[PDB]
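**Q** Protein chains in written order, with the authors' numbering: chain E, 2 to 163; chain C, 53 to 460; chain A, 255 to 444; chain B, 2 to 950. Ideal Cβ placement from N, Cα and C applies to all residues, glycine included. Before I ask anything, let me first share the structure, which is written out below as structure tokens.
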Amino acid sequence: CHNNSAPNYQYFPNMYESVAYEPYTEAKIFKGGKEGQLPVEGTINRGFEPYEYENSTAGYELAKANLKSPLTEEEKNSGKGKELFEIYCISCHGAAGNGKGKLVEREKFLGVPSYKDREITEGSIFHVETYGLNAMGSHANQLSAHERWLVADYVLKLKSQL
Amino acid sequence: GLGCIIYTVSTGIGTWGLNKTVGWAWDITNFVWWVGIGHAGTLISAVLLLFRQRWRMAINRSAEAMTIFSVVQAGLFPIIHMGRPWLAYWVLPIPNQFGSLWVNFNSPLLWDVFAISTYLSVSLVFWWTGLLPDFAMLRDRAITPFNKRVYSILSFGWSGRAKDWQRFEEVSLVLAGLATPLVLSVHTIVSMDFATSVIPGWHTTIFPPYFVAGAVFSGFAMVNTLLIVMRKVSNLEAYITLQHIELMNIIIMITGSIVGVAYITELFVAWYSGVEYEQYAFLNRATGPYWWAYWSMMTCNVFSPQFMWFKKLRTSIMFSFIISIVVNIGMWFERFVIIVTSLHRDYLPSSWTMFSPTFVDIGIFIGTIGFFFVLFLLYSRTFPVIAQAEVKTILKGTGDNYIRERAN
Amino acid sequence: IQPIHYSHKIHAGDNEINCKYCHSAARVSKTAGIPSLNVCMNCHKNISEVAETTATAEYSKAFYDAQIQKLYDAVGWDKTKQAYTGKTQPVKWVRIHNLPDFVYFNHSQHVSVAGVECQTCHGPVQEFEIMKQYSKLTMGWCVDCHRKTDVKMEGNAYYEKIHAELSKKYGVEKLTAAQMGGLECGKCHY
Amino acid sequence: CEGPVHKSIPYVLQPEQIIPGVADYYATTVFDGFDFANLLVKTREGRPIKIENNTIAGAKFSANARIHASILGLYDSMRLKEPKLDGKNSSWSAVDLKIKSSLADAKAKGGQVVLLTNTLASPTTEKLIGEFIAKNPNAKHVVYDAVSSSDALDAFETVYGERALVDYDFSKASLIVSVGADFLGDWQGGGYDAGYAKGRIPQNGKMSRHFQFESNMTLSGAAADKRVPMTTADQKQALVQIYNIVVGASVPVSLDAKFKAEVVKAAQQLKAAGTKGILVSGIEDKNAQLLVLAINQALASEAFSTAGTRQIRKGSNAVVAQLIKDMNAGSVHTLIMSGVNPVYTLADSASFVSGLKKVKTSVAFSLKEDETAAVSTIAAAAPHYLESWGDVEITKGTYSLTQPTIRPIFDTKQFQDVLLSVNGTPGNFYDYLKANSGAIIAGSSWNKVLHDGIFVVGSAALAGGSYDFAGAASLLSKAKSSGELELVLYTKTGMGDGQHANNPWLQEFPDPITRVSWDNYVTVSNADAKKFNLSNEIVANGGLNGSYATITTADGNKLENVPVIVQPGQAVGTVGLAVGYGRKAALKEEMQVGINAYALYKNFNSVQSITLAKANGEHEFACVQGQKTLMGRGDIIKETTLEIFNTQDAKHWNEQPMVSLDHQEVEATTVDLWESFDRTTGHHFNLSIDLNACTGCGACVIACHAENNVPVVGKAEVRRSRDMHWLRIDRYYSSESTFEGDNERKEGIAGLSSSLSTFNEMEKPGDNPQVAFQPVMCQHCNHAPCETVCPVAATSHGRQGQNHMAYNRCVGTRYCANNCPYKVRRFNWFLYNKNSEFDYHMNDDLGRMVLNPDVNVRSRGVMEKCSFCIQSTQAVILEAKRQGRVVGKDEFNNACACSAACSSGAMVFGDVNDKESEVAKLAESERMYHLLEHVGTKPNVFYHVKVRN
Ligand code: HEC
Ligand code: HEC
Ligand code: HEC
Ligand code: HEC
Ligand code: HEC
Ligand code: HEC
Ligand SMILES: *C(=O)CCCCCCCCC
Ligand code: SF4
Ligand code: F3S
């Protein structure tokens, strides 16, 4: 009989479980118990460049001064930069406003400023969006290197309306 | 034999001598061989009926046993050779959780499922109905309370009455009428497993009547050997006479000549045709690695039925017993040769190969033979081997008493 | 029973965290995987305690506060001096949606290409305290939802050869299953 | 059954480069001392899978079959997981201290230190070795090759000034004269496949013809237009005869008149094609190689140049011999070697071992405890290419980098890291490489070099000079050794050397010429077989059996060999013998299969004089292909000649079958009682073979068995002709020396008395026939006979035009293997996954990482089939639909590895409704041709025509 706190019975599982290695499951042979072993340091795959500026207080303002956006005008006026701001950013920062968000109303954690207060260039978003400034985190795990620049053009349009 | 079946089902078809080229051999060979055997009884009880052949009355009952114990043997091969037989139920068009996933209705393998399952089903109720007045004559003996109960259950409430007999006769006439079409159509559907192919040596139009003629021929040859030993063991030689034996021999002779005509028909057409692939296929049978299968097959089928033209050979229980056995050997090769010689040689010379069976191919066949005899042998000690309702309607019409009375 | 008591109800239903935030690989890859423990820190560097108006009749505040600390043991965070240690252990989650590995389902061309809402395949996920499989996934639900839907041909330039055709010839729009060919034994399990 | 519990493990810390479900590609290179290539490594979330080719403006060295199968060496559980010292498990610190102290003692005593290696074409490795030598007063560096080519190197060095090989361009010549060349094989690291094939296509009324002179029979012979059986004592004389014609000279050549009748013709034609001809020869004699240089200079052909010399082979048979002698003669101290295996490859290894007994601190770097690792002091655990860093210069003007793709599985250490630690250099080899990268890379350091994989470096032609080639000609003509029966050693496409001793894909991979697998053998011509009473035979179960034989040499013998009577294999008086199978250390008895023969490589010469005797028993062979000849079936491989192609209408060389109507003839494809389906829109696919480019199609097989998870079957269960392969290469000989000679015997035939004797003689292939290859896979038919008879409806067709094969409704009633007239359909019989009857890479847990997760693994009773690349083309449509684009021109061709991995441009995959692809321009041709059009099955794969002359 079928219970709900345990999976149901099966009739001759010929090809149900895996012989190959589907990505996130557990195995026995590997270094850890995982199945997601880390790549070697210093290597470069096809279609990716490493970011050449180090962490904050010495590489922050060096990235703020001389670092530019490698996009074109066909890609900026597409609306895809707004959709990424609709997902990953309204939870702390405001959607049309700045700092109002969804979570300083509920008072879960405080200390989110506006965009009038801090002057930010188009290369100073990209250094914070990959590393975080003391209360953010690395959003490089979520967004890709083509897509952080699509967000940075949209944030500049939000400061100009303020 | 059962042990061998379990072994190969649980360990793999690769234990058989099958090849990547030759996917069929000995499995379907024995399937169609048993199917051919199981057409004899449905001819004797239906065709001879339709042609008012009085002499069939002493055979009909044992002839029925021959089909119900042989179609069953054939029914094992469609399952045993399967790669994943526990999923066989998918063959049926049953509503399911796969978005009502169905079967197609274009394959002769499916047509075969319908042909065999309905052939058996119909023949089972046919011969069973004929037992009602014979079980009645056993329940009325009731020598033990056990047997009393057994036959009172095996028989239905068959108190033989005017009306009951009237209807009984009509039912048997209808079913005989339906049975002859089944004899033909069922074996034809089996025949189309090869006739509908694209393989040279198989693609043809002669098979639908050809294989049927062969089925009649091999079926009667089998029946005749059992009647010969039966009339001595059971002491029923006063019912199975030399006239019954002679008539069996005559029919075999006739169908043998039909088969012979079909052999020369195929050879003529092959020559007449401009297709090199068809001609080569026949050359391969005449001369090649399986020449001995082909020529021993031809020797048996060509000459065995021709001895029956000589009265001194035809009217001999000794001679006809031997010949009747021989026929079954030749017919086994008939089925074997067609399947194997046409597959190990075909389009693209790089795919040419051989074929040799293993002990588990042989063993399964032996098992079906053994099972056949277990069933038939038990039958002979529990069932009324000669229909009483039938014989008692001819005792006054024919026999060595009443004829002598008529002559004086 | 998951090893942590994670709640899709407080996060996705009361805080209105957007659905693509934690599960981020739905747009690109075929496996919209479980979010790794780096997403469990950039929101939870500043959230140590939970609340006072969120504990229920079944669940207390001290049940939550002593279980959010288990997230700190998996990563290595220390509450006192606010710094990473060097001892990490991953969290063994229990996967509740499974298919046999002859099928080929891909979340990427099935959410981003066809604009399907994220509650019509896995249920109303924001109103669940613990996670529940909602649909049955057994081969007659994949076919049935393909019978009654439309491919999106307005925006894609891949369909300009097909959609500008047959509006002059046959018809205005086509269903997914019986028109584009999405009911063939080599497109789903090969 | 309850059904198991599945768990999933996300990261504690996820790296930026890794996205679950997204494959990554890395630019790496390979060079193992024998094989070499530029390639891409496809990786999963942490590990490498199937090898791709690197084509970023440096597509000069594609991977061969041996390289494609090399991934199994990474995931081989039989590797030295931990280094040993004095036979015991030890640390690397123990190894480091042992080596350093022995070097100190050697310095104090004034001993000998020798490093052994093999052709390390590496600017930075060589520099590091130089530094070692600079620090150590008495270090000698010496290079050891298994199969040597020092005679060629001496000829080039003494004329141009360096030890390097001429990289010939076979696409820049019209007449190819080959005397023992074998350039389509392993000759000088044969990578000339594309160059040759490019000149075999009749674009106009032109085509490069090939003259093959040889003792053995090889692929270049099969791909030749003319082939002359010739022994090595005749070849040397023939070479001088060529010389006397191209270069006006009078040298008294002694050569058979019938041989002169052909040699002279070829030489005069070669001479006539000034600047458009090429002389290539593989005679193991510096003087012969010098004459080749002289002739190619006289021809002044475009194919000959020293601007980019080949740096791949730089050994010496004189230096190695000196080394061996000194080990036994004098006192030799610490010897360190890496990738060197004299015991088993060295013919004089018995003396090598006695030399090892006289040396101290023997250090050997390897992957396995082989025969030399055994007789040593320190067994060092080396990384397997993808576990290491490096750089390779294949040619004179190039530089490339090698990236690791997987973090070290076992406890290994790089050879260069060891050298750095004994030299006293801080850091590691990677850091060393970084420091020395700016010396070559003038552009961006890593971002534009590691990312792409290669870097272009300029070069210049080498100066020539005066040399008495006339003297060399007279020396060669005077040279003569005419005795009795001789043999020639050779390498295989599946077995280059002993680096793949236990590789199941290369053990199973059948020989492209003889069509056998899992074993070694001896090649004897039928004219010799009749003298020695040797033979082979087809038995009742379908496989082959054959006699045994004994090879005797001066002061030695083999006592048990397995001969195969290849009719044209040997010219006359010669024997073929493959070298490289007899290994016994550190491997299972299922892999310990074959004969070594390296003991017969006396003085590094491939040609040896022998005595052949018949033995007692009979051997069984795992033979893949049965019949040797083609029965005159011109409807399979249509061939014609160039002048017919040029002057006659297609009706006379590419004729399609006709069917009679109302007393009228019509193309057979127009007769149809049924109605067709509309596949005019939405990506109708095809696939295109041209038979001229099919040289051997070797690496096309292994790449198709890489995604599709086809299991490995042993020697038995292939011996019964029950193997598992999705595509196959054929082999069709002839009777009476031509394919048109097997169409004159058949069309002239009588009634039933001669046709029982001609069809029995047309399966015995005559002496020196013509060879033809034909790749055969499942062409996805339209009126497919394999469809309609499946009772459980597991097969169907798509709108694109495939044959979709579901692995689910297939309840194995084995019909559809029968109605395929091409008969390419592989039912599986046992369970190949996890049982102990098949102890190959499918069984063990460490070796189930090659298997990609996108294709399922079959269990029992279900059939499988060479489908079109569905698991790639469903991703190419996917990656062109999210963006909002139309699929490009050559985007379908680059994804299906049946076509995107072959060397030449033979296989072409792609779209047809797109009228600008490569397939749509090939389908509209005068060579349009299907297999078996009279069957009426409408295939989707079309062959062209063999246009030989
Ligand atoms: C909650 C964890 C947040 C998320 C989600 C996003 N941001 Fe943020 N951001 C947050 C805080 C608390 C701060 C201030 C931290 C401090 O120490 O002052 C910020 C800061 C920024 C800034 C200004 C950086 C600067 O140097 O002045 C920018 C431009 C910014 N954040 C952008 C940004 C974007 C693009 C986001 C979506 C990926 C985003 N933030 C999310 C809190 C949080
Ligand atoms: C972070 C705050 C999340 C948000 C936003 C969403 N999900 Fe989630 N999800 C999250 C975790 C930590 C887990 C692990 C398993 C668990 O029970 O905690 C999940 C899991 C799921 C699953 C089931 C996974 C499986 O193996 O079957 C589903 C179906 C799922 N999540 C759906 C889902 C939807 C529809 C969301 C938008 C409303 C969503 N998730 C957001 C964490 C987070
Ligand atoms: C890993 C799982 C995560 C991630 C991705 C986020 N948080 Fe949470 N969070 C987490 C745990 C183990 C708990 C306690 C257990 C529970 O079911 O509640 C929480 C709880 C919260 C709370 C406190 C609830 C309250 O106020 O009473 C808040 C607030 C909260 N989570 C917010 C939050 C935000 C803004 C996140 C960024 C998207 C976030 N969480 C992610 C662990 C995890
Ligand atoms: C929001 C993001 C969505 C959307 C719209 C759908 N799913 Fe999918 N789903 C989602 C998550 C976070 C997971 C767990 C990931 C995992 O690998 O377990 C899933 C899981 C599935 C699965 C099981 C995975 C597998 O079998 O390989 C299936 C199947 C599945 N979901 C199907 C499915 C369908 C048909 C959807 C309709 C558009 C769909 N999902 C949407 C999150 C999300
Ligand atoms: C089982 C998993 C499902 C379920 C429950 C749904 N879909 Fe479908 N879907 C699925 C596969 C394997 C494919 C690929 C088929 C192909 O490539 O032709 C699809 C595809 C679609 C598409 C076409 C996408 C395109 O335009 O290229 C659409 C549109 C689509 N699916 C819609 C859809 C809807 C509305 C569903 C109900 C929630 C749905 N799918 C369920 C597999 C599966
Ligand atoms: C041809 C017949 C098809 C078609 C075109 C598809 N399916 Fe699939 N499928 C099929 C069978 C016989 C089975 C069951 C096999 C078994 O051993 O149970 C399946 C199975 C699935 C499943 C799993 C169902 C379960 O676990 O009970 C899923 C999910 C599934 N199929 C999905 C699927 C999709 C998305 C398809 C594209 C429309 C599809 N199937 C086509 C046979 C056939
Ligand atoms: C696992 O042990 C459960 C197996 C369930 C089998 C169901 C059989 C149904 C009746 C034939
Ligand atoms: S070639 Fe064989 S497998 Fe491919 S479609 Fe025709 S019959 Fe079926
Ligand atoms: S005909 Fe059908 S059941 Fe399998 S063996 Fe062939 S797909």
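(1) In whole angstroms, what separates the C-alpha of residue 298(A) from that of residue 108(E)?
(2) Here's the rule: buried if 16 or more other CB atoms are within 10 angstroms of the residue's CB, otherwise exposed. What is residue 668(B)?
(3) Counting along the chain, where does the beta strand (DSSP E) carrying residue 487(B) start and finish?
(4) Can you tell me which residues form a DSSP beta bridge with residue 828(B)?
(5) Nearest to residue 49(E) by CA position, among 162(B), 341(B), 448(B) and 127(B), is which residue?
(6) Residue 150(C) versus chain A: which residues are under 9 angstroms apart at the beta carbon?
(7) Which of helix, strand or coil does DSSP assign to residue 395(A)?
(8) Give the residues of chain B in contact with residue 312(A), contact being defined as C-beta atoms less than 9 angstroms apart.
(9) Using CA coordinates, which residue listed in 423(C), 459(C) and 448(C) is at the minimum distance from residue 122(C)?
(10) Among all the DSSP beta bridges, which residues are the ones paired with residue 26(B)?
(11) Determine, using beta carbons only, whether residue 324(C) and residue 337(C) come nearer to each other than 8 angstroms.
(12) Taking the alpha-carbon positions, what's the residue 302(C) to residue 366(C) distance?
(13) Would you list the one or two residues that DSSP bridges to residue 380(B)?
(14) With respect to the beta strand (DSSP E) encompassing residue 210(B), which residues constitute its N-terminal and C-terminal limits?
(15) Residue 692(B): buried (16+ other C-beta within 10 angstroms of its C-beta) or exposed?
(16) Whose C-beta lies closer than 7 angstroms to the C-beta of residue 56(E) among residues of the same chain, with five residues either side of it excluded?
(17) Quick one: does the C-beta of residue 305(A) sit closer than 7 angstroms to a heavy atom of ligand 3?
(18) Where do the N-terminal and C-terminal ends of the alpha helix (DSSP H) with residue 113(C) fall, by residue?
(19) Could you list which residues in chain E have their beta carbon closer than 7 angstroms to that of residue 440(A), in chain order?
(20) Could you say if the segment 629–641 of chain B and the segment 518–533 of chain B meet the contact criterion of at least three C-beta pairs nearer than 8 angstroms?
(21) Looking at the strands, I want to know which residues DSSP matches up with residue 396(B).
(22) Could you tell me whether any non-hydrogen atom of ligand 2 is closer than 7 angstroms to the CB of residue 51(E)?
(23) Do the CB positions of residue 51(E) and residue 46(B) come within less than 8 angstroms of each other?
(24) With a cut-off of 8 angstroms, does the C-beta of residue 890(B) fall near any C-beta of chain C?
(25) Within 10 angstroms of its Cβ, does residue 505(B) collect 16 or more other Cβ (buried), or is it exposed?
(26) Residues near ligand 2, CB to any non-hydrogen atom under 6 angstroms, in chain order?
(27) Per the contact definition of three or more C-beta pairs closer than 8 angstroms, is the segment 411–421 of chain B in contact with the segment 376–384 of chain B?
**A** With the structure as the only source:
(1) One C-alpha to the other measures close to 14 angstroms.
(2) Looking at its Cβ environment, which holds fewer than 16 other Cβ atoms inside 10 Å, residue 668(B) is exposed.
(3) 487–491
(4) 864(B)
(5) 448(B)
(6) 392, 393, 394 and 397
(7) In the structure shown, residue 395(A) sits in coil (DSSP, three-state: anything other than H, G, I, E or B).
(8) Correct list: empty, because the minimum Cβ distance to chain B is about 26 angstroms.
(9) 423(C)
(10) 43(B)
(11) Result no, Cβ atoms of residue 324(C) and residue 337(C) do not sit closer than 8 angstroms.
(12) 8 angstroms
(13) 85(B) and 365(B)
(14) 210–215
(15) buried
(16) Excluding sequence neighbours, residue 56(E) sits near 132.
(17) yes
(18) 112–120
(19) Correct list: empty, because the minimum Cβ distance to chain E is about 16 angstroms.
(20) no
(21) 311(B)
(22) no
(23) Not closer than 8 angstroms, so no.
(24) At a cut-off of 8 angstroms between beta-carbon atoms, residue 890(B) makes no contact with chain C.
(25) buried
(26) 256(A), 260(A), 262(A), 265(A), 266(A), 271(A), 273(A), 275(A), 276(A), 277(A), 288(A), 289(A), 347(A), 349(A), 350(A), 351(A), 372(A), 376(A), 379(A), 380(A) and 385(A)
(27) Between the segment 376–384 of chain B and the segment 411–421 of chain B there are three or more C-beta pairs closer than 8 angstroms, enough to call the two in contact.
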